[PDB]
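Here you get one chain, nothing else, as structure tokens; it is the form deposited in one PDB entry.
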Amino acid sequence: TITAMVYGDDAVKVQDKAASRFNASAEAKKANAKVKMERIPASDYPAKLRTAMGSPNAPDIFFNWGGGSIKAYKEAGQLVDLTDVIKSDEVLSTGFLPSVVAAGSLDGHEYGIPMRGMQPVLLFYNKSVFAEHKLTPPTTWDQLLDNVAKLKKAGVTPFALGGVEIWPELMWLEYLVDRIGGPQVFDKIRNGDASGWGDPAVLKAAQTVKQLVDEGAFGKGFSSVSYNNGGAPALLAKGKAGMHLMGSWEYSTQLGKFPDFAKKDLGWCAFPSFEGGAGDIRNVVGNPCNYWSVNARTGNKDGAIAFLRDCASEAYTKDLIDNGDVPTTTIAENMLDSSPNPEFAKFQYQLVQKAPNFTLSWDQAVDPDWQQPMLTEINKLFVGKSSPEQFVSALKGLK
């Protein structure tokens, strides 16, 4: 018995179907293994994983977000380094988009196998607002600024923004740092060097954000608008805002709250290029997937890796697709016609397939004890409480 600790939201049914398939397979019986999927409530998951890992009967494999979500376990010597396991394996070595597996790495080493869908952040827009004001989706930063100027003139907030949660503000900085300095800038930062915040691309991103807020790109009361209660999606859906930078779950949010708008007038595009930036303009940021990692102390490593190989399989891929997710498997590439929204799924999968890099959202990627202090400083910058320089100074002081 291989114990698997998993995040028990509705999507767990995919991991249960996987455990069922795996436990009945020749490969499991060969390894003398059976997987026991142990669901933990979504809100309790980080603490309950902490408790489990710090005692005997820690899980053999466990659900995580990669990066800082697993720092303390990596530091505590509690994880199987998968870098070479993946490279040696006929299934694992070619089974996933490489950028997604790299996204949650620690120090160039991979400790996760992708087990859920990718959720890149995209620039969504209201095609009806765009139609009425002769705007097109911006491909460059100047075009984005052009659309900001014309929306303002037209009485429409250029971007919806869930300031309440702060992480919706964070998405602008994530794309800007990547567009300006390339992925190396955040990579250096997420691997625990706070002087990395002193990179010029960070200050530039911060100045760019200040310019947009100062220019009215998010309107005036965004700090009291919530994403999670539907305030920000509603602004877009109602044509009160013209664009919305958001994780790809914005499509499902709109579909469940404003279905006619979702099916007819919701558009999406990549975050635009930025003039003179180092970043490859196809690079993506967001949720690369969630991951399984493997406890170093597991009695059945071979059974555990056999179960991980099922994450790359056609049957696993089909279950994720039927769930409305966009798998990160290579086998998915020609299977997307059975998605409930194949156009949006194929848009995402092709976008990520061509990306040189997928950067894990900074709030999951940084050391956990940086997460709140970072979001606080992000909020201060957006609300004018910090200058770009003060924002950089604060983050450089992180330990």
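The term rigid core refers to the most C-alpha atoms you can superpose between the two forms while keeping them within 1.5 Å. When you see a residue number, it is the position in the sequence shown, counting from 1.
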item	value
Of 166-174 and 139-147, the stretch whose C-alpha atoms average the higher B-factor in the entry	139-147
Mean temperature factor over C-alpha atoms, higher-scoring stretch between 179-187 and 148-156	148-156
Candidate residues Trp292, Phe130, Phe307, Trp268, the one whose C-alpha B factor the record puts highest	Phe130
Largest Cα B-factor, entry values, listed residues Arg116, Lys301, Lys204, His244	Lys301
Relative C-alpha B-factor of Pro259, binned into the chain's lowest, middle or highest third	highest
Third assignment of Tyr111 from its chain's C-alpha B-factors	middle
Within-chain third of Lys385 by Cα B-factor, per the entry	highest
Ranked C-alpha temperature factor of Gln78 among modelled chain residues, by third	highest
For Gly192, the third of its chain into which the C-alpha B factor falls	highest
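Heads up, the form deposited in another entry isn't pictured, but that's what we're talking about next.
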property: Per-residue C-alpha change between the shown form and the other one, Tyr227, threshold 2 Å, rigid core fit; result: no
property: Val383: Cα shift of 2 Å or greater between the shown form and the other one (core-aligned); result: no
property: Closer or farther in that other deposited form, the Cα atoms of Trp249 and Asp10, when the shift from this form is 3 Å or more; result: closer
property: Pair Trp172/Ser105, Cα separation in that other deposited form versus the displayed form, closer or farther by 3 angstroms or more; result: farther
